[PDB]
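Shown next: work_22.pdb, containing PDB, C-alpha atoms (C1' of nucleotides).
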ATOM      1  CA  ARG A  92       8.198  59.262 134.377  1.00  0.00           C
ATOM      2  CA  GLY A  93       9.566  57.874 131.120  1.00  0.00           C
ATOM      3  CA  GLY A  94      11.228  59.667 128.250  1.00  0.00           C
ATOM      4  CA  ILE A  95      10.277  62.882 126.470  1.00  0.00           C
ATOM      5  CA  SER A  96       9.167  62.782 122.836  1.00  0.00           C
ATOM      6  CA  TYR A  97      10.835  64.920 120.181  1.00  0.00           C
ATOM      7  CA  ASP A  98       7.873  67.265 119.769  1.00  0.00           C
ATOM      8  CA  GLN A  99       7.837  67.852 123.524  1.00  0.00           C
ATOM      9  CA  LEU A 100      11.633  68.145 123.628  1.00  0.00           C
ATOM     10  CA  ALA A 101      11.686  70.712 120.809  1.00  0.00           C
ATOM     11  CA  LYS A 102       9.149  72.965 122.519  1.00  0.00           C
ATOM     12  CA  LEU A 103      11.080  72.913 125.804  1.00  0.00           C
ATOM     13  CA  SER A 104      14.234  73.770 123.866  1.00  0.00           C
ATOM     14  CA  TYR A 105      12.287  76.567 122.183  1.00  0.00           C
ATOM     15  CA  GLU A 106      10.893  77.722 125.533  1.00  0.00           C
ATOM     16  CA  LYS A 107      14.404  77.754 127.006  1.00  0.00           C
ATOM     17  CA  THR A 108      16.009  79.913 124.310  1.00  0.00           C
ATOM     18  CA  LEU A 109      13.126  82.378 124.624  1.00  0.00           C
ATOM     19  CA  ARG A 110      14.160  82.881 128.246  1.00  0.00           C
ATOM     20  CA  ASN A 111      17.771  83.306 127.148  1.00  0.00           C
ATOM     21  CA  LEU A 112      16.582  85.951 124.678  1.00  0.00           C
ATOM     22  CA  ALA A 113      14.409  87.538 127.370  1.00  0.00           C
ATOM     23  CA  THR A 114      17.257  87.989 129.852  1.00  0.00           C
ATOM     24  CA  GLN A 115      19.594  89.101 127.053  1.00  0.00           C
ATOM     25  CA  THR A 116      17.211  91.984 126.376  1.00  0.00           C
ATOM     26  CA  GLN A 117      16.841  92.567 130.125  1.00  0.00           C
ATOM     27  CA  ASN A 118      20.622  92.648 130.590  1.00  0.00           C
ATOM     28  CA  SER A 119      20.828  95.072 127.667  1.00  0.00           C
ATOM     29  CA  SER A 120      18.007  97.284 128.982  1.00  0.00           C
ATOM     30  CA  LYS A 121      19.660  97.304 132.420  1.00  0.00           C
ATOM     31  CA  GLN A 122      22.865  98.824 131.013  1.00  0.00           C
ATOM     32  CA  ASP A 123      21.030 101.707 129.315  1.00  0.00           C
ATOM     33  CA  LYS A 142      12.049  95.644 105.957  1.00  0.00           C
ATOM     34  CA  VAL A 143      11.135  93.582 102.886  1.00  0.00           C
ATOM     35  CA  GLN A 144      12.363  94.506  99.401  1.00  0.00           C
ATOM     36  CA  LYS A 145      11.322  92.206  96.552  1.00  0.00           C
ATOM     37  CA  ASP A 146      13.290  92.705  93.344  1.00  0.00           C
ATOM     38  CA  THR A 147      10.809  92.088  90.533  1.00  0.00           C
ATOM     39  CA  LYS A 148      13.316  91.078  87.841  1.00  0.00           C
ATOM     40  CA  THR A 149      15.281  88.517  89.850  1.00  0.00           C
ATOM     41  CA  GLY A 150      12.377  87.486  92.074  1.00  0.00           C
ATOM     42  CA  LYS A 151      14.665  87.551  95.108  1.00  0.00           C
ATOM     43  CA  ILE A 152      13.515  88.907  98.461  1.00  0.00           C
ATOM     44  CA  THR A 153      15.980  90.954 100.506  1.00  0.00           C
ATOM     45  CA  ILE A 154      15.524  91.576 104.230  1.00  0.00           C
ATOM     46  CA  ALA A 155      17.405  94.396 105.960  1.00  0.00           C
ATOM     47  CA  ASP A 156      18.307  93.573 109.559  1.00  0.00           C
ATOM     48  CA  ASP A 157      20.653  94.764 112.289  1.00  0.00           C
ATOM     49  CA  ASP A 158      24.190  93.409 112.098  1.00  0.00           C
ATOM     50  CA  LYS A 159      24.389  93.370 115.902  1.00  0.00           C
ATOM     51  CA  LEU A 160      21.475  90.947 116.286  1.00  0.00           C
ATOM     52  CA  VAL A 161      22.956  88.726 113.575  1.00  0.00           C
ATOM     53  CA  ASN A 162      26.302  88.762 115.409  1.00  0.00           C
ATOM     54  CA  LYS A 163      24.597  88.013 118.734  1.00  0.00           C
ATOM     55  CA  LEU A 164      22.838  85.124 117.009  1.00  0.00           C
ATOM     56  CA  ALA A 165      26.155  83.794 115.705  1.00  0.00           C
ATOM     57  CA  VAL A 166      27.892  84.243 119.070  1.00  0.00           C
ATOM     58  CA  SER A 167      25.195  82.545 121.165  1.00  0.00           C
ATOM     59  CA  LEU A 168      25.127  79.480 118.908  1.00  0.00           C
ATOM     60  CA  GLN A 169      28.901  79.147 119.289  1.00  0.00           C
ATOM     61  CA  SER A 170      28.619  79.631 123.055  1.00  0.00           C
ATOM     62  CA  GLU A 171      25.927  76.957 123.326  1.00  0.00           C
ATOM     63  CA  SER A 172      28.039  74.701 121.107  1.00  0.00           C
ATOM     64  CA  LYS A 173      31.092  75.076 123.353  1.00  0.00           C
ATOM     65  CA  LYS A 174      29.126  74.805 126.605  1.00  0.00           C
ATOM     66  CA  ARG A 175      27.602  71.468 125.590  1.00  0.00           C
ATOM     67  CA  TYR A 176      31.065  70.498 124.349  1.00  0.00           C
ATOM     68  CA  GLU A 177      32.548  71.210 127.772  1.00  0.00           C
ATOM     69  CA  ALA A 178      29.638  69.706 129.722  1.00  0.00           C
ATOM     70  CA  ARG A 179      30.200  66.473 127.779  1.00  0.00           C
ATOM     71  CA  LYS A 180      34.017  66.553 128.032  1.00  0.00           C
ATOM     72  CA  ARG A 181      33.835  66.605 131.829  1.00  0.00           C
ATOM     73  CA  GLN A 182      31.316  63.761 131.643  1.00  0.00           C
ATOM     74  CA  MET A 183      33.865  61.794 129.609  1.00  0.00           C
ATOM     75  CA  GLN A 184      36.601  62.486 132.163  1.00  0.00           C
ATOM     76  CA  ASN A 185      34.385  61.626 135.138  1.00  0.00           C
ATOM     77  CA  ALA A 186      32.808  58.412 133.798  1.00  0.00           C
ATOM     78  CA  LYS A 187      36.216  57.008 132.844  1.00  0.00           C
ATOM     79  CA  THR A 188      37.443  57.498 136.435  1.00  0.00           C
ATOM     80  CA  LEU A 189      34.366  56.247 138.328  1.00  0.00           C
ATOM     81  CA  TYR A 190      34.165  52.477 137.863  1.00  0.00           C
ATOM     82  CA  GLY A 191      37.002  49.964 137.744  1.00  0.00           C
ATOM     83  CA  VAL A 192      35.599  46.895 139.486  1.00  0.00           C
ATOM     84  CA  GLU A 193      34.425  44.682 136.612  1.00  0.00           C
ATOM     85  CA  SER A 194      37.119  43.457 134.230  1.00  0.00           C
ATOM     86  CA  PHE A 195      37.699  45.448 131.041  1.00  0.00           C
ATOM     87  CA  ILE A 196      40.306  45.562 128.277  1.00  0.00           C
ATOM     88  CA  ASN A 197      39.935  48.972 126.622  1.00  0.00           C
ATOM     89  CA  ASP A 198      37.631  51.980 126.808  1.00  0.00           C
ATOM     90  CA  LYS A 199      35.117  50.547 124.322  1.00  0.00           C
ATOM     91  CA  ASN A 200      34.766  47.513 126.595  1.00  0.00           C
ATOM     92  CA  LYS A 201      34.173  49.763 129.612  1.00  0.00           C
ATOM     93  CA  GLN A 202      31.534  51.806 127.783  1.00  0.00           C
ATOM     94  CA  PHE A 203      29.831  48.576 126.712  1.00  0.00           C
ATOM     95  CA  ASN A 204      29.890  46.930 130.141  1.00  0.00           C
ATOM     96  CA  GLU A 205      28.541  50.155 131.619  1.00  0.00           C
ATOM     97  CA  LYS A 206      25.832  50.087 128.931  1.00  0.00           C
ATOM     98  CA  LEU A 207      24.831  46.631 130.180  1.00  0.00           C
ATOM     99  CA  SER A 208      24.376  48.152 133.646  1.00  0.00           C
ATOM    100  CA  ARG A 209      21.820  50.728 132.470  1.00  0.00           C
ATOM    101  CA  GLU A 210      19.842  47.891 130.876  1.00  0.00           C
ATOM    102  CA  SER A 211      19.386  46.364 134.333  1.00  0.00           C
TER     103      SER A 211
ATOM    104  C1'   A B   1      12.319  79.646 151.252  1.00  0.00           C
ATOM    105  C1'   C B   2      10.526  82.631 145.455  1.00  0.00           C
ATOM    106  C1'   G B   3      16.534  85.518 143.027  1.00  0.00           C
ATOM    107  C1'   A B   4      17.756  88.839 136.540  1.00  0.00           C
ATOM    108  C1'   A B   5      22.567  86.755 135.387  1.00  0.00           C
ATOM    109  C1'   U B   6      27.960  83.363 135.349  1.00  0.00           C
ATOM    110  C1'   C B   7      31.008  79.216 137.645  1.00  0.00           C
ATOM    111  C1'   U B   8      31.102  74.684 140.473  1.00  0.00           C
ATOM    112  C1'   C B   9      28.045  70.365 142.066  1.00  0.00           C
ATOM    113  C1'   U B  10      23.762  66.436 142.719  1.00  0.00           C
ATOM    114  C1'   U B  11      19.686  63.648 140.511  1.00  0.00           C
ATOM    115  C1'   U B  12      16.226  62.116 136.123  1.00  0.00           C
ATOM    116  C1'   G B  13      16.268  62.447 130.564  1.00  0.00           C
ATOM    117  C1'   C B  14      19.958  61.538 126.430  1.00  0.00           C
ATOM    118  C1'   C B  15      24.142  56.693 125.595  1.00  0.00           C
ATOM    119  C1'   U B  16      26.461  60.519 123.029  1.00  0.00           C
ATOM    120  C1'   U B  17      34.328  55.925 120.465  1.00  0.00           C
ATOM    121  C1'   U B  18      28.418  52.158 123.991  1.00  0.00           C
ATOM    122  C1'   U B  19      30.161  43.822 119.971  1.00  0.00           C
ATOM    123  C1'   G B  20      28.885  45.081 111.656  1.00  0.00           C
ATOM    124  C1'   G B  21      27.383  38.274 107.798  1.00  0.00           C
ATOM    125  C1'   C B  22      27.640  33.036 106.400  1.00  0.00           C
ATOM    126  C1'   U B  23      28.588  26.999 106.936  1.00  0.00           C
ATOM    127  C1'   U B  24      30.335  20.867 108.894  1.00  0.00           C
ATOM    128  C1'   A B  25      31.347  25.297 116.999  1.00  0.00           C
ATOM    129  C1'   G B  26      33.872  26.540 109.138  1.00  0.00           C
ATOM    130  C1'   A B  27      38.004  22.319 110.435  1.00  0.00           C
ATOM    131  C1'   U B  28      41.986  20.637 113.611  1.00  0.00           C
ATOM    132  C1'   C B  29      44.839  20.457 118.588  1.00  0.00           C
ATOM    133  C1'   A B  30      50.622  15.436 116.138  1.00  0.00           C
ATOM    134  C1'   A B  31      58.408  13.429 117.920  1.00  0.00           C
ATOM    135  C1'   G B  32      62.735  12.450 114.457  1.00  0.00           C
ATOM    136  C1'   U B  33      64.590  10.663 110.000  1.00  0.00           C
ATOM    137  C1'   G B  34      64.365   9.744 104.605  1.00  0.00           C
ATOM    138  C1'   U B  35      63.624  11.779  99.416  1.00  0.00           C
ATOM    139  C1'   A B  36      62.781  15.978  95.704  1.00  0.00           C
ATOM    140  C1'   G B  37      63.120  21.443  94.331  1.00  0.00           C
ATOM    141  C1'   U B  38      65.040  26.626  95.044  1.00  0.00           C
ATOM    142  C1'   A B  39      68.546  30.134  97.264  1.00  0.00           C
ATOM    143  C1'   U B  40      73.275  31.466  99.815  1.00  0.00           C
ATOM    144  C1'   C B  41      78.528  30.366 101.208  1.00  0.00           C
ATOM    145  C1'   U B  42      83.189  27.331 100.857  1.00  0.00           C
ATOM    146  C1'   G B  43      86.441  23.669  98.031  1.00  0.00           C
ATOM    147  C1'   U B  44      88.146  21.282  93.310  1.00  0.00           C
ATOM    148  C1'   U B  45      88.147  20.619  87.836  1.00  0.00           C
ATOM    149  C1'   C B  46      87.231  22.511  82.718  1.00  0.00           C
ATOM    150  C1'   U B  47      86.689  26.683  79.215  1.00  0.00           C
ATOM    151  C1'   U B  48      86.799  32.079  77.725  1.00  0.00           C
ATOM    152  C1'   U B  49      88.814  37.215  78.274  1.00  0.00           C
ATOM    153  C1'   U B  50      92.536  41.916  80.269  1.00  0.00           C
ATOM    154  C1'   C B  51     100.063  44.502  79.355  1.00  0.00           C
ATOM    155  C1'   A B  52     105.318  45.833  78.851  1.00  0.00           C
ATOM    156  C1'   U B  53     120.840  54.121  85.298  1.00  0.00           C
ATOM    157  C1'   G B  54     123.539  58.903  84.523  1.00  0.00           C
ATOM    158  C1'   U B  55     125.272  63.225  81.317  1.00  0.00           C
ATOM    159  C1'   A B  56     124.964  66.333  76.664  1.00  0.00           C
ATOM    160  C1'   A B  57     122.239  68.389  72.213  1.00  0.00           C
ATOM    161  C1'   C B  58     117.295  69.337  69.463  1.00  0.00           C
ATOM    162  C1'   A B  59     111.880  69.565  69.142  1.00  0.00           C
ATOM    163  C1'   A B  60     106.932  69.889  71.483  1.00  0.00           C
ATOM    164  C1'   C B  61     103.860  71.126  76.088  1.00  0.00           C
ATOM    165  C1'   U B  62     102.766  74.058  81.263  1.00  0.00           C
ATOM    166  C1'   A B  63      95.642  74.557  73.848  1.00  0.00           C
ATOM    167  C1'   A B  64      92.885  78.057  77.088  1.00  0.00           C
ATOM    168  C1'   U B  65      91.768  83.073  79.286  1.00  0.00           C
ATOM    169  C1'   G B  66      91.725  88.688  79.067  1.00  0.00           C
ATOM    170  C1'   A B  67      91.674  93.270  76.028  1.00  0.00           C
ATOM    171  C1'   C B  68      91.299  96.137  71.262  1.00  0.00           C
ATOM    172  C1'   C B  69      89.806  96.418  65.878  1.00  0.00           C
ATOM    173  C1'   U B  70      87.246  94.654  60.882  1.00  0.00           C
ATOM    174  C1'   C B  71      83.232  91.645  58.551  1.00  0.00           C
ATOM    175  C1'   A B  72      78.077  88.969  59.099  1.00  0.00           C
ATOM    176  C1'   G B  73      80.701  83.840  65.122  1.00  0.00           C
ATOM    177  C1'   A B  74      85.294  83.875  62.541  1.00  0.00           C
ATOM    178  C1'   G B  75      90.294  86.507  61.083  1.00  0.00           C
ATOM    179  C1'   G B  76      94.640  89.471  62.710  1.00  0.00           C
ATOM    180  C1'   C B  77      97.706  91.612  66.833  1.00  0.00           C
ATOM    181  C1'   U B  78      99.543  92.038  72.075  1.00  0.00           C
ATOM    182  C1'   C B  79      99.782  90.231  77.270  1.00  0.00           C
TER     183        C B  79
END

For the structure just supplied, provide its representation as structure tokens.
Amino acid sequence: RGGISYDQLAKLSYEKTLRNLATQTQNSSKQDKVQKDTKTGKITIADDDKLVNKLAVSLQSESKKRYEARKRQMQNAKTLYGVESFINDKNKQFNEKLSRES
RNA sequence: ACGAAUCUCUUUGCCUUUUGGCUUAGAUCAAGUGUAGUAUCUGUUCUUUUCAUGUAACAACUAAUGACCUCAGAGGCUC
């Protein structure tokens, strides 16, 4: 049991997004360079604007999905426990935090 | 009882609005009246300071506005 370290958590997050990129290519397949300017020193990479848009969309979708999966957790945990005496929400979140200690 | 994806749900992981010093626990757990000072309101006294009927005849007012012309705003004329 126990917790998962950050180097093991990062690999599992990297393994998970590779399966999201695998099925994204499978759902697409189901439906149907390097230039180095010598004067400036800058390196320009030419890439597809669709794959850059799909990168920007999927990060926003994962940002909203974790935002909504946490918002429902806020609305559920506020309306679970009311037995022990509280005063405000920061007291409830602290007295619940004492319960996970024991 | 192994779905390639979405939603809903359960359990672990994450705690994600999840107690921000000090010292003699920092110190104490007590009725009315009397006096002094400031402020407000009322009363009295003293002083100072703010003005000047009717009729007839004559004169002024209802300076400003509009327009035209000359000179480089003023001058003249009419309404």

| said: Using all atoms listed in the file and a cut-off of 8 Å, which residues of chain A sit close to chain B? Please list them as a ChimeraX atom specification. | reply: /A:94-95,114,117-118,199,202-203,205-206

| field | Point-to-point distance in Å for atom CA of residue A:209 and atom CA of residue A:197 | value |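 Between these atoms lies a distance of 19.1 Å.
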
Using the chain letters and numbers from this file, what does the PyMOL selection byres ((chain A and resi 122-143) around 12) select? Give the answer as an mmCIF file with C-alpha atoms, keeping the file's coordinate frame.
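File produced: result.cif:
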data_model
loop_
_atom_site.group_PDB
_atom_site.id
_atom_site.type_symbol
_atom_site.label_atom_id
_atom_site.label_comp_id
_atom_site.auth_asym_id
_atom_site.auth_seq_id
_atom_site.Cartn_x
_atom_site.Cartn_y
_atom_site.Cartn_z
ATOM 1 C CA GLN A 115 19.594 89.101 127.053
ATOM 2 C CA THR A 116 17.211 91.984 126.376
ATOM 3 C CA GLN A 117 16.841 92.567 130.125
ATOM 4 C CA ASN A 118 20.622 92.648 130.590
ATOM 5 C CA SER A 119 20.828 95.072 127.667
ATOM 6 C CA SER A 120 18.007 97.284 128.982
ATOM 7 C CA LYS A 121 19.660 97.304 132.420
ATOM 8 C CA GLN A 144 12.363 94.506 99.401
ATOM 9 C CA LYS A 145 11.322 92.206 96.552
ATOM 10 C CA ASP A 146 13.290 92.705 93.344
ATOM 11 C CA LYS A 151 14.665 87.551 95.108
ATOM 12 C CA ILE A 152 13.515 88.907 98.461
ATOM 13 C CA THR A 153 15.980 90.954 100.506
ATOM 14 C CA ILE A 154 15.524 91.576 104.230
ATOM 15 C CA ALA A 155 17.405 94.396 105.960
ATOM 16 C CA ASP A 156 18.307 93.573 109.559
ATOM 17 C CA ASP A 157 20.653 94.764 112.289
#

| For the file shown, what are the residues hit by the PyMOL selection byres ((chain B and resi 54-67) around 9), laid out as a ChimeraX atom specification? | /B:53,68,78-79

Emit a file covering stretch 53-69 of chain B of the preceding structure with N, CA and C atoms (P, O5', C5', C4', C3', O3' and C1' of nucleotides), as a PDB file, in the first residue's frame.
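Saved the output as selection_37.pdb:
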ATOM      1  P     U B  53     -48.398 108.595  -0.861  1.00  0.00           P
ATOM      2  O5'   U B  53     -49.925 109.046  -0.856  1.00  0.00           O
ATOM      3  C5'   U B  53     -50.963 108.103  -0.631  1.00  0.00           C
ATOM      4  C4'   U B  53     -52.319 108.704  -0.899  1.00  0.00           C
ATOM      5  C3'   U B  53     -52.533 109.266  -2.296  1.00  0.00           C
ATOM      6  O3'   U B  53     -52.844 108.273  -3.258  1.00  0.00           O
ATOM      7  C1'   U B  53     -53.298 110.826  -0.690  1.00  0.00           C
ATOM      8  P     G B  54     -52.293 108.411  -4.761  1.00  0.00           P
ATOM      9  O5'   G B  54     -53.289 109.452  -5.442  1.00  0.00           O
ATOM     10  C5'   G B  54     -54.668 109.146  -5.589  1.00  0.00           C
ATOM     11  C4'   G B  54     -55.470 110.364  -5.973  1.00  0.00           C
ATOM     12  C3'   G B  54     -55.012 111.100  -7.221  1.00  0.00           C
ATOM     13  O3'   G B  54     -55.458 110.491  -8.421  1.00  0.00           O
ATOM     14  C1'   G B  54     -55.382 112.658  -5.491  1.00  0.00           C
ATOM     15  P     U B  55     -54.507 110.472  -9.717  1.00  0.00           P
ATOM     16  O5'   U B  55     -54.738 111.899 -10.385  1.00  0.00           O
ATOM     17  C5'   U B  55     -56.034 112.305 -10.799  1.00  0.00           C
ATOM     18  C4'   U B  55     -56.082 113.783 -11.097  1.00  0.00           C
ATOM     19  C3'   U B  55     -55.064 114.294 -12.103  1.00  0.00           C
ATOM     20  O3'   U B  55     -55.439 114.054 -13.450  1.00  0.00           O
ATOM     21  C1'   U B  55     -55.119 115.735 -10.227  1.00  0.00           C
ATOM     22  P     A B  56     -54.316 113.775 -14.565  1.00  0.00           P
ATOM     23  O5'   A B  56     -53.686 115.211 -14.845  1.00  0.00           O
ATOM     24  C5'   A B  56     -54.468 116.249 -15.418  1.00  0.00           C
ATOM     25  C4'   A B  56     -53.724 117.561 -15.435  1.00  0.00           C
ATOM     26  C3'   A B  56     -52.344 117.539 -16.071  1.00  0.00           C
ATOM     27  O3'   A B  56     -52.386 117.587 -17.486  1.00  0.00           O
ATOM     28  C1'   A B  56     -52.244 118.698 -14.017  1.00  0.00           C
ATOM     29  P     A B  57     -51.333 116.737 -18.351  1.00  0.00           P
ATOM     30  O5'   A B  57     -50.058 117.685 -18.436  1.00  0.00           O
ATOM     31  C5'   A B  57     -50.160 118.993 -18.977  1.00  0.00           C
ATOM     32  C4'   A B  57     -48.947 119.821 -18.643  1.00  0.00           C
ATOM     33  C3'   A B  57     -47.604 119.189 -18.972  1.00  0.00           C
ATOM     34  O3'   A B  57     -47.245 119.331 -20.336  1.00  0.00           O
ATOM     35  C1'   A B  57     -47.548 120.045 -16.774  1.00  0.00           C
ATOM     36  P     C B  58     -46.545 118.114 -21.118  1.00  0.00           P
ATOM     37  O5'   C B  58     -45.004 118.257 -20.743  1.00  0.00           O
ATOM     38  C5'   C B  58     -44.303 119.463 -21.000  1.00  0.00           C
ATOM     39  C4'   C B  58     -42.980 119.499 -20.280  1.00  0.00           C
ATOM     40  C3'   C B  58     -42.053 118.321 -20.529  1.00  0.00           C
ATOM     41  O3'   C B  58     -41.342 118.421 -21.750  1.00  0.00           O
ATOM     42  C1'   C B  58     -42.139 118.786 -18.209  1.00  0.00           C
ATOM     43  P     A B  59     -40.973 117.096 -22.582  1.00  0.00           P
ATOM     44  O5'   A B  59     -39.752 116.463 -21.778  1.00  0.00           O
ATOM     45  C5'   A B  59     -38.514 117.151 -21.679  1.00  0.00           C
ATOM     46  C4'   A B  59     -37.606 116.521 -20.651  1.00  0.00           C
ATOM     47  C3'   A B  59     -37.323 115.038 -20.830  1.00  0.00           C
ATOM     48  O3'   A B  59     -36.331 114.780 -21.808  1.00  0.00           O
ATOM     49  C1'   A B  59     -37.853 115.473 -18.569  1.00  0.00           C
ATOM     50  P     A B  60     -36.478 113.518 -22.793  1.00  0.00           P
ATOM     51  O5'   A B  60     -35.904 112.297 -21.945  1.00  0.00           O
ATOM     52  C5'   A B  60     -34.559 112.294 -21.488  1.00  0.00           C
ATOM     53  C4'   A B  60     -34.351 111.294 -20.378  1.00  0.00           C
ATOM     54  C3'   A B  60     -34.722 109.853 -20.697  1.00  0.00           C
ATOM     55  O3'   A B  60     -33.712 109.166 -21.416  1.00  0.00           O
ATOM     56  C1'   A B  60     -35.641 110.455 -18.608  1.00  0.00           C
ATOM     57  P     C B  61     -34.109 108.166 -22.610  1.00  0.00           P
ATOM     58  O5'   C B  61     -34.575 106.837 -21.866  1.00  0.00           O
ATOM     59  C5'   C B  61     -33.651 106.049 -21.131  1.00  0.00           C
ATOM     60  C4'   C B  61     -34.354 105.008 -20.298  1.00  0.00           C
ATOM     61  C3'   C B  61     -35.246 104.039 -21.060  1.00  0.00           C
ATOM     62  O3'   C B  61     -34.530 102.976 -21.664  1.00  0.00           O
ATOM     63  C1'   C B  61     -36.410 104.864 -19.171  1.00  0.00           C
ATOM     64  P     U B  62     -34.929 102.473 -23.137  1.00  0.00           P
ATOM     65  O5'   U B  62     -36.094 101.416 -22.886  1.00  0.00           O
ATOM     66  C5'   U B  62     -35.813 100.130 -22.354  1.00  0.00           C
ATOM     67  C4'   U B  62     -37.082  99.378 -22.035  1.00  0.00           C
ATOM     68  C3'   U B  62     -38.047  99.186 -23.195  1.00  0.00           C
ATOM     69  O3'   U B  62     -37.701  98.092 -24.026  1.00  0.00           O
ATOM     70  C1'   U B  62     -39.232  99.953 -21.290  1.00  0.00           C
ATOM     71  P     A B  63     -26.281 104.875 -24.753  1.00  0.00           P
ATOM     72  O5'   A B  63     -26.664 103.378 -24.362  1.00  0.00           O
ATOM     73  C5'   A B  63     -26.122 102.769 -23.198  1.00  0.00           C
ATOM     74  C4'   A B  63     -26.901 101.543 -22.795  1.00  0.00           C
ATOM     75  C3'   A B  63     -26.936 100.410 -23.810  1.00  0.00           C
ATOM     76  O3'   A B  63     -25.771  99.602 -23.781  1.00  0.00           O
ATOM     77  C1'   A B  63     -29.123 100.823 -23.033  1.00  0.00           C
ATOM     78  P     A B  64     -25.135  99.052 -25.151  1.00  0.00           P
ATOM     79  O5'   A B  64     -26.101  97.856 -25.572  1.00  0.00           O
ATOM     80  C5'   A B  64     -26.168  96.669 -24.797  1.00  0.00           C
ATOM     81  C4'   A B  64     -27.366  95.828 -25.162  1.00  0.00           C
ATOM     82  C3'   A B  64     -27.410  95.294 -26.585  1.00  0.00           C
ATOM     83  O3'   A B  64     -26.606  94.140 -26.775  1.00  0.00           O
ATOM     84  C1'   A B  64     -29.506  96.222 -26.037  1.00  0.00           C
ATOM     85  P     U B  65     -25.912  93.865 -28.200  1.00  0.00           P
ATOM     86  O5'   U B  65     -27.108  93.361 -29.127  1.00  0.00           O
ATOM     87  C5'   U B  65     -27.752  92.121 -28.873  1.00  0.00           C
ATOM     88  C4'   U B  65     -28.968  91.938 -29.746  1.00  0.00           C
ATOM     89  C3'   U B  65     -28.737  92.022 -31.246  1.00  0.00           C
ATOM     90  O3'   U B  65     -28.188  90.845 -31.809  1.00  0.00           O
ATOM     91  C1'   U B  65     -30.632  93.310 -30.673  1.00  0.00           C
ATOM     92  P     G B  66     -27.222  90.950 -33.090  1.00  0.00           P
ATOM     93  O5'   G B  66     -28.219  91.229 -34.298  1.00  0.00           O
ATOM     94  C5'   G B  66     -29.172  90.254 -34.696  1.00  0.00           C
ATOM     95  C4'   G B  66     -30.079  90.787 -35.776  1.00  0.00           C
ATOM     96  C3'   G B  66     -29.380  91.387 -36.984  1.00  0.00           C
ATOM     97  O3'   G B  66     -28.947  90.409 -37.912  1.00  0.00           O
ATOM     98  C1'   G B  66     -31.086  92.849 -36.256  1.00  0.00           C
ATOM     99  P     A B  67     -27.530  90.571 -38.650  1.00  0.00           P
ATOM    100  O5'   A B  67     -27.857  91.494 -39.905  1.00  0.00           O
ATOM    101  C5'   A B  67     -28.873  91.137 -40.832  1.00  0.00           C
ATOM    102  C4'   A B  67     -29.302  92.321 -41.660  1.00  0.00           C
ATOM    103  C3'   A B  67     -28.183  93.082 -42.357  1.00  0.00           C
ATOM    104  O3'   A B  67     -27.797  92.481 -43.581  1.00  0.00           O
ATOM    105  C1'   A B  67     -29.608  94.611 -41.249  1.00  0.00           C
ATOM    106  P     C B  68     -26.248  92.418 -44.002  1.00  0.00           P
ATOM    107  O5'   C B  68     -25.976  93.832 -44.685  1.00  0.00           O
ATOM    108  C5'   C B  68     -26.646  94.202 -45.881  1.00  0.00           C
ATOM    109  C4'   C B  68     -26.580  95.690 -46.120  1.00  0.00           C
ATOM    110  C3'   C B  68     -25.187  96.298 -46.185  1.00  0.00           C
ATOM    111  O3'   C B  68     -24.553  96.113 -47.439  1.00  0.00           O
ATOM    112  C1'   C B  68     -26.582  97.640 -44.820  1.00  0.00           C
ATOM    113  P     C B  69     -22.996  95.724 -47.503  1.00  0.00           P
ATOM    114  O5'   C B  69     -22.244  97.123 -47.404  1.00  0.00           O
ATOM    115  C5'   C B  69     -22.389  98.099 -48.425  1.00  0.00           C
ATOM    116  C4'   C B  69     -21.964  99.466 -47.952  1.00  0.00           C
ATOM    117  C3'   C B  69     -20.539  99.585 -47.436  1.00  0.00           C
ATOM    118  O3'   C B  69     -19.580  99.700 -48.473  1.00  0.00           O
ATOM    119  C1'   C B  69     -22.023 100.679 -45.947  1.00  0.00           C
TER     120        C B  69
END
